[PDB]
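One structure is given here, and the rest of the page talks about it.
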Amino acid sequence: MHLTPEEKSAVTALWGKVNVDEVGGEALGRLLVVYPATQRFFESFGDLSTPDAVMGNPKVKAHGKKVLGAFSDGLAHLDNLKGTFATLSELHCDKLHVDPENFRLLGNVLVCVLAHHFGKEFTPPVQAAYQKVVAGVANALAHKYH
Amino acid sequence: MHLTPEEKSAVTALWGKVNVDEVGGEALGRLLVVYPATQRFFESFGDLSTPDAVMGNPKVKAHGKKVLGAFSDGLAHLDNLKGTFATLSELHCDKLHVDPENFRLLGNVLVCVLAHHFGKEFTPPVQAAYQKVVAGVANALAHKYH
Amino acid sequence: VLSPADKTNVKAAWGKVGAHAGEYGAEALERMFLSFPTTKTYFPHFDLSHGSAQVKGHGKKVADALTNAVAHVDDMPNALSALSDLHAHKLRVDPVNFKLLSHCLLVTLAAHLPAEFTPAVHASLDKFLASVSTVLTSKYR
Amino acid sequence: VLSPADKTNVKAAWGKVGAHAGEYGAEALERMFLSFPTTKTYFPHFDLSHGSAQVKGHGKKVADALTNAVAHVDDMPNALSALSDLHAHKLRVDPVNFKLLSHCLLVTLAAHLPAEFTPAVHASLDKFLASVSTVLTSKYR
Ligand code: HEM
Ligand code: HEM
Ligand code: HEM
Ligand code: HEM
């Protein structure tokens, strides 16, 4: 993951301050609201008819947390995202049928959430470093599609 | 570049039948005709106003041969595409300022041309192997952009 | 935008496709499934093996839709209206995939129509498939 | 396609941007250049060092074109017609790059307008920048 030492360190230091319950729910929720197409994969989550309904859904929130949970793992294994995400990849492909193009949408929403929460501290250099991470995760999640 | 033994054989098998001088011309020319925006990089080639003007331009034909030849080296080193294309990558970036998105366009036009030349022979499985290769070559050409 | 020359090019080439259309749409789909595996995610309910009757059956449906677009080349947005609702609002197919199917169609036509697939006709067909993709995709989000 | 509720969210969000628009436009370009280096291929004649004058100056340019688009949200094609010809016919910017600038602008707005960047407004700004991008690349080829 072509991450400079000062990049790895930039990513790590900020991640240490993330409230995973808030960010996880906000990112998953913003995906379904900003890109409603993605709602077809979570029909079993309940009512997602309106933004408020979406941000308040406890299934959206819990799932959001699990998602950020997996993203944390990748950060601890930046040198082997592929191996770290192989099972999840197989799952999103063979069992869930998710077009990997959606992985990028979640990555970018995720980046918009980090900026919303950290403001001035989410400087351009820090952003660039997160863009690389989010791309690497997307790519890793797509590796086993067949 | 996940190329199985059979994909590699298929690829190589087919390439040994390709007249490079000619296919190079066709591919670069079809590129300038189907995707006219890619003419912004070759104003020095003279007249590109119509299809005959492009396809028959001796400068287009000469350059196409050049491109196809580098494509060839690539095929002789499928397992080190990044190294092979490193100097061409820097050149296209630092001196020519070519947006890498154009590498995918050329790659696909080349697949169409192979399909045109070989009709039959260009089976789906063989197309698939070539799509991995053109993607691999475009990503390698993209690698040194900074 | 499809200019007059483009429309002529598209009518003449789809014309020479004739009764093979169904077979070409089917080959185009097989080419797409093999070259770009992510596209299969939209067809988990299909039998995706070589010769699959579902794939031939569907290839035929894809080709008939294109024939109807060619027949209504001056009113595609309305002629393909139902198919737009289907793709964008029901199936929710991400737009990149349209580029992949289109590329695969061009590959199929090239492999079967050596004499008609000249530079100019290739550019016109590419433009036409872009127009169709844009219509099928315009309400997507 | 913009809904009236979208039009309203965009006007209110942008109205808060107010006098900062220029600084925001410049921050968004700086973000784009560092995050997505291939976009620098369209600006070879620019000083792209941090805090450079061209970037800053160019940022005001972009931010004003967006201000004018918001004001003419109902008639974008007409209002943005000159920029569409510049981007699509003179500069020939590949459409992919528009999504990259749109995302960076979103990030910028997210980082400076905490209170206003709600999920609904986020969705409206995104559909808004996508419409602008569509008009600015409609003729690209
Ligand atoms: C950002 C990259 C993503 C990561 C790291 C990720 C990770 C995960 C994880 C950890 C699970 C839990 C699986 C389990 O424990 O059984 C999961 C399930 C799931 N994922 Fe993803 N995901 C990502 C993106 C997406 C996207 C973009 C979609 C669709 C838009 C999606 C759709 C699903 C669905 C529908 C489930 C099953 C939820 C359930 O059990 O009801 N994922 N994902
Ligand atoms: C298959 C991918 C490509 C390969 C292997 C390739 C290879 C080459 C080579 C060998 C040269 C000559 C280098 C030199 O002059 O020292 C060249 C030059 C050039 N390339 Fe590429 N190229 C590729 C794609 C592209 C495309 C897509 C564009 C832009 C649309 C492009 C734009 C140029 C330009 C403008 C030149 C200089 C032409 C001149 O002499 O004036 N290349 N490329
Ligand atoms: C040239 C562009 C395309 C055209 C003209 C087209 C045309 C059609 C037609 C005629 C149908 C059948 C509608 C009916 O039930 O009468 C259909 C359905 C469908 N299309 Fe497309 N299609 C296009 C592109 C795509 C792409 C890019 C995808 C996704 C990769 C896709 C996925 C589907 C799926 C999943 C169905 C439903 C199949 C089923 O479950 O029976 N199509 N399309
Ligand atoms: C929100 C979308 C965009 C808007 C609203 C916008 C607006 C503008 C404006 C107002 C100008 C100045 C025109 C003049 O001086 O009269 C301009 C020029 C330019 N734009 Fe964009 N632009 C957008 C996206 C892009 C992107 C994606 C690219 C490519 C990355 C790009 C590349 C350029 C370039 C190279 C110039 C010429 C700069 C110079 O030489 O001074 N623009 N744009």
Side-chain angles (χ1 to χ4, degrees), chain A residues 27-28 31-32 35 37-42 44-45 59 63 66-71 73-74 85 87-88 91-92 95-96 98-107 110 134 137-138 140-141, chain B residues 27-28 31-32 35 37-45 59 63 66-71 73-74 85 87-88 91-92 95-107 110 134 137-138 141, chain C residues 25 28-29 32 36 38-43 45-46 54 58 60-66 68-69 80 82-83 86-87 90-91 93-102 105 129 132-133 136-137:
Chain A
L28 201 78
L31 175 78
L32 306 174
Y35 304 104
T38 64
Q39 288 177 15
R40 61 173 147 350
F41 298 104
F42 306 97
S44 86
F45 270 25
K59 287 188 219 146
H63 184 32
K66 236 132 78 195
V67 166
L68 248 61
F71 199 93
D73 269 9
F85 282 121
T87 1
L88 257 23
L91 180 83
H92 284 73
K95 281 51 163 165
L96 305 171
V98 175
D99 176 355
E101 205 57 56
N102 293 115
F103 299 158
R104 262 156 221 119
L105 306 177
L106 179 47
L110 163 71
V134 143
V137 168
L141 269 169
Chain B
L28 185 68
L31 177 79
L32 300 168
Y35 303 105
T38 65
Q39 287 174 19
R40 74 191 100 133
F41 302 104
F42 307 95
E43 36 181 18
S44 83
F45 282 12
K59 285 183 188 177
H63 193 67
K66 228 184 253 202
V67 175
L68 249 278
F71 200 88
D73 296 310
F85 284 112
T87 50
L88 247 14
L91 184 85
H92 282 67
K95 256 101 206 168
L96 306 180
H97 319 291
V98 181
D99 181 344
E101 203 59 34
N102 296 110
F103 303 142
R104 313 179 221 288
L105 295 179
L106 179 48
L110 191 79
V134 303
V137 166
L141 263 161
Chain C
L29 283 163
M32 176 184 67
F36 308 106
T38 58
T39 60
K40 297 191 261 177
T41 59
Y42 292 96
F43 301 82
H45 67 290
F46 271 31
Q54 221 168 352
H58 190 61
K60 174 157 170 290
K61 283 181 187 182
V62 175
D64 286 342
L66 289 167
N68 195 62
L80 288 168
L83 276 168
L86 219 209
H87 284 67
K90 199 197 153 174
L91 303 166
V93 174
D94 195 275
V96 297
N97 300 99
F98 287 84
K99 288 185 195 170
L100 304 171
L101 176 54
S102 287
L105 268 164
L129 296 170
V132 166
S133 298
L136 291 193
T137 247

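Just so it is clear: chains get the letters A, B, ... in the order the sequence lines come, proteins before strands, and each one is counted from 1. These numbers come from the heavy atoms of this one structure, side chains and all, not from hydrogens, waters or symmetry mates. Atoms within a ligand are numbered from 1 in the order they appear, just like the ligands themselves.
The contact set between ligand 1 and A:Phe45, taken as ligand atoms under 4.0 Å from a residue heavy atom, comprises 41 (O). Within ligand 2, the atoms closer than 4.0 Å to a non-hydrogen atom of B:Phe42 are 32 (C), 34 (C), 35 (C), numbered from 1 in the order shown. Close approach of ligand 1 to A:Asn102 is summarised as follows: ligand atoms under 4.0 Å from at least one heavy atom of the residue are 27 (C).
Distances shorter than 2.8 Å separate atom 21 (Fe) of ligand 2 from the protein N/O/S atoms B:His92 NE2.
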Give every pair formed by an N or O atom of ligand 3 and a protein N or O atom closer than 3.5 Å, one pair per line with both atom names and the distance to 0.1 Å, or write none.
from	atom 1	to	atom 2	distance (Å)
ligand 3	20 (N)	C:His87	NE2	3.1
ligand 3	22 (N)	C:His87	NE2	2.9
ligand 3	40 (O)	C:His45	NE2	2.4
ligand 3	42 (N)	C:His87	NE2	3.0
ligand 3	43 (N)	C:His87	NE2	3.0

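Distances from ligand 1 to the non-hydrogen atoms of A:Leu141 include at least one value under 4.0 Å.
Remark: side-chain polar atoms of C:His58 are not paired, donor with acceptor, to backbone N or O of C:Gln54 under 3.5 angstrom. Between the side chain of C:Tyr42 and the main chain of C:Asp94, a donor-acceptor pair closer than 3.5 Å is present. Of the possible polar contacts, one joining the B:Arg40 side chain to the B:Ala37 backbone as a donor-acceptor pair under 3.5 Å is found.
Nearest heavy-atom pair across C:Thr39 and C:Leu100 is CG2-CD1, 4.1 Å. C:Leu105 and C:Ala28 make their closest contact through CD2-CB, 3.7 Å (heavy atoms, listed as atom of the first residue, atom of the second, distance).
With sequence neighbours excluded, no residue satisfies salt bridge (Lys or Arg N to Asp or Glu O under 4.0 Å) with B:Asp73. With sequence neighbours left out, the side-chain contact (heavy atoms from CB on, under 4.5 Å) criterion links B:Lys66 to B:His63.
Ring-plane geometry between A:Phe45 and A:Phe42 is classed as tilted, the angle between the planes lying from 30 to 60 degrees on a 0 to 90 degree scale.
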Working for side-chain contact (heavy atoms from CB on, under 4.5 Å), residues B:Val137 and B:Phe85: CA-CA 8 Å; B:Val137 166; B:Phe85 284 112; 4.0 Å; yes

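By the neighbour-count criterion of 12 heavy atoms within 6.0 Å, atom NZ of A:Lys59 is densely surrounded, having more than that number from other residues, nucleotides or ligands. Surrounding NZ of C:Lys40 are more than 12 heavy atoms belonging to other residues, nucleotides or ligands, all under 6.0 Å away.
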